[PDB]
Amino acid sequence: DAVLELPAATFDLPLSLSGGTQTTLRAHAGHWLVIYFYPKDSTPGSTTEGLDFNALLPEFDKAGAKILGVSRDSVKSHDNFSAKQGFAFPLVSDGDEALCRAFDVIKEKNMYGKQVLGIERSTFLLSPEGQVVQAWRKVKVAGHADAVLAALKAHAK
């Protein structure tokens, strides 16, 4: 079953991708989709996470699954990040945090004497039918991509 219910409109949100094209979650119907959210392009943790998923791409292909990385950085930033690291999967430029809010990854914390909001590293597995069947929040990068792959294989049966 679904572990998270997304607003219906979420599936038709135009998602800006590195490379200049757009996609939508509905467009990915028919196959598994891994959506991993990270705070910022080109940082140590997010570079490690991106490279980890990239190295496992063939394994995800074996399952027919697709991967999408997401942050609120610009398409230009994503293009530079992807080109420098050699990513072979798209990065979503969720500049207005529409997708982030849908998955509720924008968390609030009392810090610096006020309320500070930010993207919490999180990952989700979307089934071929468009259901969010597994979620990982407050993600620890080390070994994460390996865990997501294992879970995907378990779900795909």
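We number the residues from 1 along the sequence you see.
*Asks:* Got a sec? Mean C-alpha B-factor, which is higher, 95-103 or 111-119?
*Replies:* Of 95-103 and 111-119, the stretch with the higher C-alpha B-factor average is 111-119.
*Asks:* Looking at the C-alpha B-factor values in the deposited entry, which of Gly64, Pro90, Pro44, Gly50 comes out highest?
*Replies:* When the deposited C-alpha B-factors of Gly64, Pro90, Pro44, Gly50 are compared, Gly64 is largest.
*Asks:* Could you look up the Cα B-factor of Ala142 in the entry and say which third of the chain it sits in: lowest, middle or highest?
*Replies:* According to the entry, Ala142 has a C-alpha B-factor in the chain's highest third.
*Asks:* Per the entry's values, where does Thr23 land by CA temperature factor relative to the rest of its chain, in the lowest, middle or highest third?
*Replies:* Lowest third of the chain for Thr23's C-alpha B-factor.
*Asks:* Which third, lowest, middle or highest, does the CA B-factor of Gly69 fall in along this chain?
*Replies:* Ranked within chain, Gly69 CA B lands in the lowest tercile.
*Asks:* Mind checking which third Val133 falls in for C-alpha B-factor across the chain?
*Replies:* According to the entry, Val133 has a C-alpha B-factor in the chain's highest third.
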